[PDB]
Amino acid sequence: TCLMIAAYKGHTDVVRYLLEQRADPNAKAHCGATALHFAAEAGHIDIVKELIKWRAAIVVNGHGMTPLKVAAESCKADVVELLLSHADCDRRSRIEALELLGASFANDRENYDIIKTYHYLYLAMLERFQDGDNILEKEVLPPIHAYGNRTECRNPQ
Amino acid sequence: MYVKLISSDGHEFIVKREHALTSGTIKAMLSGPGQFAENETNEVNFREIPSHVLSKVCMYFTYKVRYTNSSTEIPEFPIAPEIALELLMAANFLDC
Amino acid sequence: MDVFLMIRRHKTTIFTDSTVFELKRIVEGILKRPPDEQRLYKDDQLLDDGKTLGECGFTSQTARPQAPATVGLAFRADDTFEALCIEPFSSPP
């Protein structure tokens with residue numbers, strides 16, 4: 001629909017006018033992606049704010065990919081801020097999103113910020129051990145020879 | 001490796017030296033012409049400090065050294081109402 | 001292990017942190033007392049030598065950094081040590 005493609009393009013005025021026509025933004029496509037996903041890929045914070053203003057809810061695609069996680073994947077911090085602020089979530093999803101953002105900053109070529117990744121992962125893991133005597137578990141997959149040692153860290157040292 | 005503290009009342013307390021070493025005033029009193037002789041034991045006496053306040057100070061020593069650099073919610077230190085006024089005095093004097 | 005104790009004799013106190021004889025030769029190292037002679041009294045009850053930490057029932061709930069577990073034992077009174085208690089500290093005004 002013109003709504004989702006306009007959100008992908010990011011033209012604020014046309015999206016605002018189309019929403020003024022009271023068009024339902026909960027429409028789906030073959031991929032099942034709602035306009036929130038396209039806005040997150042575009043990263044326009046104002047578009048996402050406007051979508052939230054008129055009661056656009058978070059909806060999960062069949063293969064996971066909640067729009068918050070999708071925005072976190074593409075290294076779009078502002079969308080993560082806005083969604084975490086408005087969309088209530090648990091501890092697990094929030095820390096998972098933060099870790100995904102750290103990894104995406106680590107490996108991708110567009111940003112490639114080594115320190116930002118380190119600090120984001122540090123913050124997420126500190127949040128993991130915040131309570132004390134009630135510790136979120138960390139599951140480590142068996143090492144892969146492609147990565148060499150391939151062992152994750154679960155202690156701050 | 002163990003030290004002795006003597007209150008004005010006369011009660012004697014034995015504490016691990018590293019635990020007692022945190023307070024600056026105790027370290028200053030040890031390092032000097034006093035407490036310099038190996039033959040003499042390592043004891044320090046205050047002509048002023050009462051008993052209960054000094055006991056509270058030493059359990060504070062161990063409580064602090066125990067929950068140090070620990071990522072968690074520290075337990076609160078229980079303070080009696082009437083004790084706090086003299087405890088502040090002792091903390092100020094010991095420069096802990 | 002991770003159990004916090006005060007040892008109290010009249011005008012004498014020792015702070016510390018898994019059997020009875022373990023405590024006994026810690027006390028021997030501290031004060032040079034006969035390990036057999038030392039008798040431990042918990043709630044005015046005889047603590048037999050070789051008894052483990054677990055049988056005491058005081059591991060974490062009472063052994064606190066805020067206020068460790070108190071042990072009102074008594075040292076030698078001629079042949080055997082009985083009826084020896086620490087004087088209470090000065091009562092605040």
# chains A, B, ... in the order shown; residues from 1 in each chain; ligands from 1
$ select_by_dssp --residues "chain C" --states "strand (DSSP E or B)" --output "PyMOL selection string"
chain C and resi 5-9+12-16+19+39-41+46-47+52+69-71+74
$ select_by_dssp --residues "chain C" --states "helix (DSSP H, G or I)" --output "list in words"
residues 20, 21, 22, 23, 24, 25, 26, 27, 28, 29, 30, 31, 53, 54, 55 and 56 of chain C
$ atom_distance --atom1 "CA of residue 90 in chain C" --atom2 "CA of residue 75 in chain B"
27.1 Å
$ interface_residues --of "chain C" --to "chain B" --cutoff "9 Å" --atoms "only C-alpha atoms" --output "CSV table (one decimal) with N, CA, C and O atoms, in the first residue's frame"
chain,number,residue,atom,x,y,z
C,10,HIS,N,35.8,-12.9,79.3
C,10,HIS,CA,35.6,-11.7,80.1
C,10,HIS,C,36.7,-10.7,79.7
C,10,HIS,O,37.9,-10.9,80.0
C,11,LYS,N,36.3,-9.6,79.1
C,11,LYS,CA,37.2,-8.5,78.7
C,11,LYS,C,38.2,-9.1,77.6
C,11,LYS,O,39.4,-8.9,77.7
C,12,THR,N,37.6,-9.7,76.6
C,12,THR,CA,38.4,-10.3,75.5
C,12,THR,C,37.4,-10.7,74.4
C,12,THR,O,36.4,-11.3,74.7
C,13,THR,N,37.8,-10.3,73.1
C,13,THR,CA,36.9,-10.6,72.0
C,13,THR,C,37.7,-10.8,70.8
C,13,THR,O,38.6,-10.1,70.5
C,14,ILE,N,37.3,-11.8,70.0
C,14,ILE,CA,38.0,-12.2,68.7
C,14,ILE,C,36.9,-12.3,67.6
C,14,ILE,O,35.9,-12.9,67.8
C,15,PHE,N,37.2,-11.6,66.5
C,15,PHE,CA,36.3,-11.7,65.3
C,15,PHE,C,36.9,-12.6,64.3
C,15,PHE,O,38.1,-12.7,64.1
C,16,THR,N,36.0,-13.4,63.7
C,16,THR,CA,36.5,-14.4,62.7
C,16,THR,C,35.4,-14.7,61.7
C,16,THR,O,34.2,-14.3,61.9
C,30,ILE,N,45.7,-18.1,67.9
C,30,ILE,CA,45.5,-16.7,68.3
C,30,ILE,C,46.1,-16.5,69.7
C,30,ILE,O,46.8,-15.5,70.0
C,64,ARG,N,26.0,-12.8,60.0
C,64,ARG,CA,25.8,-11.6,59.1
C,64,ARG,C,27.0,-10.7,59.2
C,64,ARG,O,27.6,-10.5,60.3
C,65,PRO,N,27.4,-10.0,58.1
C,65,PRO,CA,28.3,-8.8,58.2
C,65,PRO,C,27.7,-7.8,59.1
C,65,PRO,O,28.5,-7.1,59.8
C,66,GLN,N,26.4,-7.6,59.1
C,66,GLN,CA,25.8,-6.6,59.9
C,66,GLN,C,26.0,-7.0,61.4
C,66,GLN,O,26.3,-6.1,62.2
C,67,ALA,N,25.7,-8.2,61.7
C,67,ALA,CA,25.8,-8.7,63.1
C,67,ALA,C,26.1,-10.2,63.0
C,67,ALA,O,25.2,-11.0,62.8
C,68,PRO,N,27.4,-10.6,63.2
C,68,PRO,CA,27.8,-12.0,63.0
C,68,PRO,C,27.2,-12.9,64.1
C,68,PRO,O,26.6,-12.4,65.1
C,89,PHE,N,29.0,-4.8,77.6
C,89,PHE,CA,29.6,-3.5,77.2
C,89,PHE,C,28.9,-2.4,77.9
C,89,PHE,O,27.7,-2.5,78.4
C,90,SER,N,29.5,-1.2,77.9
C,90,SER,CA,28.9,0.0,78.6
C,90,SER,C,27.5,0.3,77.9
C,90,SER,O,27.5,0.4,76.7
C,91,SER,N,26.5,0.6,78.7
C,91,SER,CA,25.2,1.0,78.2
C,91,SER,C,25.2,2.4,77.8
C,91,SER,O,25.5,3.3,78.6
C,92,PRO,N,24.8,2.8,76.6
C,92,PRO,CA,24.8,4.2,76.2
C,92,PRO,C,23.7,4.9,76.9
C,92,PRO,O,22.7,4.3,77.3
C,93,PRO,N,23.9,6.2,77.2
C,93,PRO,CA,22.9,7.0,77.9
C,93,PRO,C,21.7,7.3,77.1
C,93,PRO,O,20.7,7.8,77.7
$ interface_residues --of "chain A" --to "chain B" --cutoff "8 Å" --atoms "only C-alpha atoms" --output "mmCIF file with N, CA, C and O atoms, in the first residue's frame"
data_model
loop_
_atom_site.group_PDB
_atom_site.id
_atom_site.type_symbol
_atom_site.label_atom_id
_atom_site.label_comp_id
_atom_site.auth_asym_id
_atom_site.auth_seq_id
_atom_site.Cartn_x
_atom_site.Cartn_y
_atom_site.Cartn_z
ATOM 1 N N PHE A 129 23.587 -8.428 35.462
ATOM 2 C CA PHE A 129 23.951 -8.779 36.830
ATOM 3 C C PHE A 129 23.534 -7.714 37.840
ATOM 4 O O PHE A 129 24.139 -7.611 38.912
ATOM 5 N N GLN A 130 22.516 -6.916 37.519
ATOM 6 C CA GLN A 130 22.158 -5.801 38.390
ATOM 7 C C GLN A 130 21.627 -6.279 39.737
ATOM 8 O O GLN A 130 22.086 -5.815 40.787
ATOM 9 N N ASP A 131 20.671 -7.210 39.729
ATOM 10 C CA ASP A 131 19.949 -7.550 40.952
ATOM 11 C C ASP A 131 20.862 -8.196 41.986
ATOM 12 O O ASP A 131 20.880 -7.795 43.156
ATOM 13 N N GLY A 132 21.625 -9.205 41.579
ATOM 14 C CA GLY A 132 22.431 -9.954 42.521
ATOM 15 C C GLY A 132 21.616 -11.027 43.212
ATOM 16 O O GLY A 132 20.511 -10.755 43.694
ATOM 17 N N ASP A 133 22.140 -12.256 43.233
ATOM 18 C CA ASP A 133 21.473 -13.426 43.802
ATOM 19 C C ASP A 133 20.234 -13.802 42.995
ATOM 20 O O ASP A 133 19.584 -14.814 43.277
#
$ atom_distance --atom1 "CA of residue 7 in chain A" --atom2 "CA of residue 39 in chain A"
5.3 Å
$ residues_around --residues "range 31-36 of chain A" --least-positions-apart "3" --cutoff "12 Å" --atoms "only C-alpha atoms" --output "CSV table (one decimal) with N, CA and C atoms, in the first residue's frame"
chain,number,residue,atom,x,y,z
A,1,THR,N,0.8,-1.2,0.0
A,1,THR,CA,0.0,0.0,0.0
A,1,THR,C,0.9,1.2,0.0
A,2,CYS,N,0.3,2.4,-0.5
A,2,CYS,CA,1.1,3.6,-0.5
A,2,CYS,C,1.6,4.0,0.9
A,3,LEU,N,0.9,3.6,1.9
A,3,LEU,CA,1.3,4.0,3.3
A,3,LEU,C,2.7,3.4,3.6
A,4,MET,N,2.8,2.1,3.5
A,4,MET,CA,4.1,1.5,3.9
A,4,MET,C,5.2,1.9,3.0
A,5,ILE,N,5.0,2.0,1.7
A,5,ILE,CA,6.1,2.5,0.8
A,5,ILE,C,6.4,3.9,1.0
A,6,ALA,N,5.5,4.8,1.4
A,6,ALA,CA,5.8,6.1,1.7
A,6,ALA,C,6.6,6.2,3.0
A,7,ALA,N,6.2,5.3,4.0
A,7,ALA,CA,7.0,5.3,5.2
A,7,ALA,C,8.4,4.8,4.9
A,8,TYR,N,8.6,3.9,4.0
A,8,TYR,CA,9.9,3.4,3.6
A,8,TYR,C,10.7,4.6,3.0
A,9,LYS,N,10.0,5.4,2.1
A,9,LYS,CA,10.7,6.6,1.5
A,9,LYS,C,11.0,7.6,2.6
A,10,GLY,N,10.1,7.8,3.5
A,10,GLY,CA,10.3,8.7,4.6
A,10,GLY,C,9.7,10.1,4.4
A,15,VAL,N,2.8,10.9,4.4
A,15,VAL,CA,2.4,10.0,5.4
A,15,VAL,C,1.5,10.6,6.4
A,19,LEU,N,-2.4,9.4,6.9
A,19,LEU,CA,-2.9,9.0,8.2
A,19,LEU,C,-4.1,9.9,8.6
A,24,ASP,N,-6.2,2.7,8.0
A,24,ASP,CA,-5.7,1.7,9.0
A,24,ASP,C,-4.2,1.4,8.7
A,25,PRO,N,-3.3,1.7,9.6
A,25,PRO,CA,-1.9,1.4,9.4
A,25,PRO,C,-1.5,0.0,9.8
A,26,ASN,N,-2.5,-0.9,10.3
A,26,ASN,CA,-2.2,-2.2,10.6
A,26,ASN,C,-2.2,-3.2,9.5
A,27,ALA,N,-2.1,-2.7,8.2
A,27,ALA,CA,-2.1,-3.5,7.1
A,27,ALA,C,-0.8,-4.3,7.0
A,28,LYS,N,-0.9,-5.4,6.2
A,28,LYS,CA,0.2,-6.3,6.1
A,28,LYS,C,0.4,-6.6,4.6
A,39,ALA,N,9.4,2.1,8.6
A,39,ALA,CA,9.9,3.3,9.3
A,39,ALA,C,11.2,3.1,10.0
A,40,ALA,N,11.3,1.9,10.7
A,40,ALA,CA,12.5,1.6,11.4
A,40,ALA,C,13.7,1.5,10.5
A,41,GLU,N,13.5,0.8,9.3
A,41,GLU,CA,14.5,0.8,8.3
A,41,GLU,C,14.9,2.2,7.8
A,42,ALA,N,13.9,3.0,7.6
A,42,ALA,CA,14.2,4.4,7.2
A,42,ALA,C,14.8,5.2,8.4
A,43,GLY,N,14.4,4.9,9.6
A,43,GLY,CA,14.9,5.5,10.8
A,43,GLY,C,14.4,6.9,11.1
A,44,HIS,N,13.4,7.4,10.4
A,44,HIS,CA,12.8,8.7,10.7
A,44,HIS,C,12.1,8.6,12.1
A,45,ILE,N,12.7,9.3,13.1
A,45,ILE,CA,12.2,9.3,14.4
A,45,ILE,C,10.8,10.0,14.5
A,46,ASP,N,10.6,11.0,13.7
A,46,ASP,CA,9.3,11.7,13.7
A,46,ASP,C,8.2,10.8,13.1
A,47,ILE,N,8.6,10.0,12.0
A,47,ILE,CA,7.6,9.2,11.5
A,47,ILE,C,7.1,8.1,12.5
A,48,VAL,N,8.1,7.5,13.2
A,48,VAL,CA,7.7,6.5,14.2
A,48,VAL,C,6.9,7.1,15.3
A,49,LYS,N,7.3,8.3,15.7
A,49,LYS,CA,6.6,9.0,16.8
A,49,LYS,C,5.1,9.3,16.4
A,50,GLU,N,4.9,9.7,15.1
A,50,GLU,CA,3.6,10.0,14.6
A,50,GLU,C,2.8,8.7,14.5
A,51,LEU,N,3.4,7.6,14.1
A,51,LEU,CA,2.7,6.3,14.0
A,51,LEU,C,2.3,5.9,15.4
A,52,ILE,N,3.2,6.0,16.4
A,52,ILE,CA,2.8,5.7,17.8
A,52,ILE,C,1.7,6.6,18.3
A,55,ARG,N,-1.8,5.1,17.9
A,55,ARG,CA,-2.1,3.8,18.4
A,55,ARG,C,-1.7,2.7,17.3
A,56,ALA,N,-0.4,2.7,16.9
A,56,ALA,CA,0.2,1.7,16.1
A,56,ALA,C,0.9,0.7,17.1
A,57,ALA,N,0.5,-0.5,17.2
A,57,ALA,CA,1.1,-1.5,18.1
A,57,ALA,C,2.2,-2.3,17.5
A,58,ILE,N,3.0,-2.8,18.4
A,58,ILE,CA,4.1,-3.7,18.0
A,58,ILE,C,3.6,-5.0,17.6
A,59,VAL,N,3.9,-5.5,16.4
A,59,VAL,CA,3.4,-6.8,15.9
A,59,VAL,C,4.6,-7.6,15.4
A,60,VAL,N,4.6,-8.9,15.8
A,60,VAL,CA,5.8,-9.8,15.4
A,60,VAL,C,5.5,-10.5,14.1
A,61,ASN,N,6.5,-10.5,13.2
A,61,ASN,CA,6.4,-11.3,11.9
A,61,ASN,C,6.5,-12.8,12.3
A,62,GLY,N,6.1,-13.7,11.4
A,62,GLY,CA,6.1,-15.1,11.8
A,62,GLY,C,7.5,-15.5,12.1
A,63,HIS,N,8.5,-15.1,11.3
A,63,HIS,CA,9.9,-15.4,11.6
A,63,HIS,C,10.5,-14.3,12.6
A,64,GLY,N,10.0,-14.2,13.8
A,64,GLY,CA,10.5,-13.3,14.8
A,64,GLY,C,10.6,-11.9,14.2
A,65,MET,N,11.7,-11.2,14.3
A,65,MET,CA,11.9,-9.9,13.7
A,65,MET,C,10.9,-8.8,14.2
A,66,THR,N,10.8,-8.7,15.6
A,66,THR,CA,9.9,-7.6,16.1
A,66,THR,C,10.5,-6.3,15.6
A,67,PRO,N,9.7,-5.2,15.3
A,67,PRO,CA,10.3,-4.0,14.7
A,67,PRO,C,11.4,-3.4,15.5
A,68,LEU,N,11.3,-3.5,16.9
A,68,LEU,CA,12.4,-3.0,17.7
A,68,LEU,C,13.7,-3.7,17.4
A,69,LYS,N,13.7,-5.1,17.3
A,69,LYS,CA,14.9,-5.8,17.0
A,69,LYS,C,15.4,-5.5,15.6
A,70,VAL,N,14.4,-5.3,14.6
A,70,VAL,CA,14.8,-5.0,13.2
A,70,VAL,C,15.5,-3.6,13.2
A,71,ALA,N,15.0,-2.6,13.9
A,71,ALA,CA,15.7,-1.3,14.0
A,71,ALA,C,17.0,-1.5,14.7
A,79,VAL,N,15.6,5.0,17.0
A,79,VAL,CA,14.4,4.2,17.0
A,79,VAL,C,14.4,3.3,18.2
A,83,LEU,N,11.3,3.4,20.9
A,83,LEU,CA,10.5,2.2,21.1
A,83,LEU,C,10.7,1.7,22.6
$ residues_around --residues "residue 1 in chain C" --least-positions-apart "5" --cutoff "10 Å" --atoms "only C-alpha atoms" --output "short mmCIF file (atom, residue, chain, number, x, y, z; two decimals) with N, CA, C and O atoms, in the first residue's frame"
data_model
loop_
_atom_site.label_atom_id
_atom_site.label_comp_id
_atom_site.auth_asym_id
_atom_site.auth_seq_id
_atom_site.Cartn_x
_atom_site.Cartn_y
_atom_site.Cartn_z
N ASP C 17 35.73 -15.46 60.66
CA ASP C 17 34.77 -15.92 59.66
C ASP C 17 34.98 -17.39 59.33
O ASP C 17 34.54 -17.87 58.28
N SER C 18 35.40 -27.49 58.17
CA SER C 18 34.50 -26.68 58.98
C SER C 18 33.98 -27.47 60.18
O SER C 18 32.84 -27.94 60.18
N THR C 19 34.83 -27.62 61.19
CA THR C 19 34.49 -28.39 62.38
C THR C 19 34.79 -27.57 63.63
O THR C 19 35.34 -26.47 63.56
N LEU C 53 30.12 -27.75 60.71
CA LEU C 53 29.40 -26.48 60.62
C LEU C 53 27.91 -26.70 60.42
O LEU C 53 27.09 -25.98 61.01
N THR C 59 24.53 -20.76 59.46
CA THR C 59 25.40 -20.62 58.30
C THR C 59 25.32 -19.24 57.66
O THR C 59 26.34 -18.57 57.51
N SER C 60 24.12 -18.80 57.27
CA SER C 60 23.96 -17.54 56.55
C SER C 60 22.91 -16.64 57.17
O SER C 60 23.05 -15.41 57.12
#
$ residues_around --residues "residue 41 in chain C" --least-positions-apart "6" --cutoff "10 Å" --atoms "only C-alpha atoms" --output "PDB file with C-alpha atoms, in the first residue's frame"
ATOM      1  CA  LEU C  47      29.632 -28.139  71.551  1.00  0.00           C
ATOM      2  CA  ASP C  48      31.366 -31.480  71.071  1.00  0.00           C
ATOM      3  CA  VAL C  71      29.609 -17.616  70.515  1.00  0.00           C
ATOM      4  CA  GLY C  72      29.590 -17.332  74.304  1.00  0.00           C
ATOM      5  CA  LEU C  73      32.365 -19.789  75.118  1.00  0.00           C
ATOM      6  CA  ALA C  74      34.578 -19.983  78.212  1.00  0.00           C
ATOM      7  CA  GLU C  82      32.828 -23.633  83.103  1.00  0.00           C
TER       8      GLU C  82
END
$ atom_distance --atom1 "CA of residue 100 in chain A" --atom2 "CA of residue 125 in chain A"
12.2 Å
$ residues_around --residues "residue 33 in chain C" --least-positions-apart "6" --cutoff "10 Å" --atoms "only C-alpha atoms" --output "JSON, numbers by chain"
{"C": [24, 25, 26, 27, 75, 76]}
$ residues_around --residues "residue 142 in chain A" --least-positions-apart "3" --cutoff "10 Å" --atoms "only C-alpha atoms" --output "PyMOL selection string"
chain A and resi 139+145+149-152
$ closest_residue --among "B:1, B:21, B:90, B:84" --to "residue 48 in chain B" --atoms "only C-alpha atoms"
B:90
$ decode --residues "range 74-87 of chain B" --atoms "N, CA and C atoms" --output "mmCIF file, in the first residue's frame"
data_model
loop_
_atom_site.group_PDB
_atom_site.id
_atom_site.type_symbol
_atom_site.label_atom_id
_atom_site.label_comp_id
_atom_site.auth_asym_id
_atom_site.auth_seq_id
_atom_site.Cartn_x
_atom_site.Cartn_y
_atom_site.Cartn_z
ATOM 1 N N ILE B 74 23.866 -4.005 48.076
ATOM 2 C CA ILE B 74 24.529 -4.163 49.365
ATOM 3 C C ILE B 74 23.491 -4.173 50.481
ATOM 4 N N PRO B 75 23.629 -5.050 51.470
ATOM 5 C CA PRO B 75 22.763 -4.962 52.648
ATOM 6 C C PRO B 75 23.015 -3.675 53.413
ATOM 7 N N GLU B 76 21.954 -3.152 54.017
ATOM 8 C CA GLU B 76 22.042 -1.926 54.794
ATOM 9 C C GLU B 76 22.746 -2.191 56.118
ATOM 10 N N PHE B 77 23.413 -1.169 56.633
ATOM 11 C CA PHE B 77 24.091 -1.283 57.918
ATOM 12 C C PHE B 77 23.150 -0.847 59.033
ATOM 13 N N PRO B 78 22.803 -1.726 59.976
ATOM 14 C CA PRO B 78 21.842 -1.364 61.028
ATOM 15 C C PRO B 78 22.500 -0.454 62.054
ATOM 16 N N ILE B 79 21.886 0.699 62.294
ATOM 17 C CA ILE B 79 22.388 1.681 63.246
ATOM 18 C C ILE B 79 21.298 1.954 64.270
ATOM 19 N N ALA B 80 21.633 1.788 65.545
ATOM 20 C CA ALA B 80 20.707 2.139 66.603
ATOM 21 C C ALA B 80 20.537 3.654 66.659
ATOM 22 N N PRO B 81 19.386 4.132 67.139
ATOM 23 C CA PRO B 81 19.167 5.590 67.162
ATOM 24 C C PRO B 81 20.169 6.344 68.020
ATOM 25 N N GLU B 82 20.329 5.951 69.286
ATOM 26 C CA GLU B 82 21.219 6.681 70.182
ATOM 27 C C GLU B 82 22.691 6.492 69.834
ATOM 28 N N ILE B 83 23.050 5.379 69.191
ATOM 29 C CA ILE B 83 24.443 5.128 68.843
ATOM 30 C C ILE B 83 24.964 6.113 67.807
ATOM 31 N N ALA B 84 24.116 6.532 66.862
ATOM 32 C CA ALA B 84 24.588 7.255 65.684
ATOM 33 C C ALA B 84 25.384 8.502 66.052
ATOM 34 N N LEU B 85 24.966 9.213 67.099
ATOM 35 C CA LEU B 85 25.629 10.467 67.445
ATOM 36 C C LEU B 85 27.090 10.237 67.818
ATOM 37 N N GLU B 86 27.360 9.219 68.636
ATOM 38 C CA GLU B 86 28.742 8.926 69.008
ATOM 39 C C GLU B 86 29.477 8.197 67.890
ATOM 40 N N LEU B 87 28.747 7.432 67.077
ATOM 41 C CA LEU B 87 29.376 6.757 65.950
ATOM 42 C C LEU B 87 29.928 7.763 64.952
#
